[PDB]
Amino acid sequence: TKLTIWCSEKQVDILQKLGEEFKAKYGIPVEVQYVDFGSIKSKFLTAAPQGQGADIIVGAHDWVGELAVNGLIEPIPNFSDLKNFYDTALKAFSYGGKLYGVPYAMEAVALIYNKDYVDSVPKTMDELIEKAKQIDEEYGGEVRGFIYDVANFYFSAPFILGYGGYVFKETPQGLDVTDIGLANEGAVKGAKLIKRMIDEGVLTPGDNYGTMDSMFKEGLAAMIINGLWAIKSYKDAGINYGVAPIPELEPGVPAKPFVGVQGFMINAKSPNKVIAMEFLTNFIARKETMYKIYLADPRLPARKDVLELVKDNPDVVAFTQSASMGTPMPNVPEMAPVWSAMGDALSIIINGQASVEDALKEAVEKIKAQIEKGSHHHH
């Protein structure tokens, strides 16, 4: 008997240490395997039905609907510590009236800046663009004023949603997946701000997560958009960084980032699903274990009495402010095609292959086509 876990590099060390604690207390060995975050869900979709998925996976709550309706993750039973998690975090992991994960953290992106180049937080996106241009000119191109994973809808959503875009309409009967707002007037305005930054040379079409992240660590990026998951690596790199909400899109109009919840899900096909569930509900969910996880991966705790311990940490304060005007990612099965359609639209936009209106129109048509053909149903 061996419990297997897949998780990104941010959680491997602490989960292997906790796994040794669990073995010391219950005699069940735990094997934690690094999987690059962007491969976890895709690998689980193909491996789990073959009996080759991990017993437990760690990842983001938007996966829940797709995995649940495909029979791949197990509903979490009631347990004594359930009450101790924020309802926002539990709702993110709930679908169709059932909880499908034990959450450990809540998150949203923010503006992260290097104080070697930025002395005050730009008050608006127009000010940010001007400061970034100033930096690009002042240091001769050696330092990037602003860089982020621009073609990735997760990171460009703050602009698209902030102006009034939405994924699916909220209704008293749940999300209406036939009412898609990713090509509305606000979505277009937000994507046009992105294209304006490309036009003014503040962003480039080749910018991606790795180029942004390594440049910031090297001390050669003044401003980026990233989450609290990366702050430990910037501390280790020696960057004197600051954190603030993404500057207002217009005076008095905030950016609207996605809110994500990270948590543990149980493979419904696993022969070890009973003990895996016990590991989550009776061990991972404890206050002591959740605090150990925070110290190693210091995202906002999903457990209220753990957040209370760390509420004055300046990173916690700044990322809480950034998330405060955000919106949680949808977790319905129909969220599955949204990422690729909008990512393709953003690539088209930043490469000048089509107008913003045409690219977003095509993205919405693609999403509707994927929903109508049931792209979220695998068999």
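A residue's number is simply how far along the shown sequence it sits, counting from 1.
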When the C-alpha temperature factors are averaged for each of 53-61 and 337-345, which stretch ends up with the higher value in the entry? 337-345
Going by the mean C-alpha B-factor recorded in the entry, which is higher: 130-138 or 102-110? 130-138
Whose CA atom has the top B-factor in the entry, of 278, 297, 248, 149? 248
If you check the C-alpha B-factor for each of 97, 263, 257, 260 in the entry, which is highest? 97
Which third of the chain holds residue 354 when residues are ordered by C-alpha B factor: lowest, middle or highest? highest
Chain thirds of CA B-factor: placement of residue 368: highest
Would you check the entry's CA temperature factor for residue 310 and let me know if it's in the chain's lowest, middle or highest third? highest
For residue 164, the third of its chain by CA B-factor is the highest
How does residue 25 rank on Cα B-factor within its chain, lowest, middle or highest third? lowest
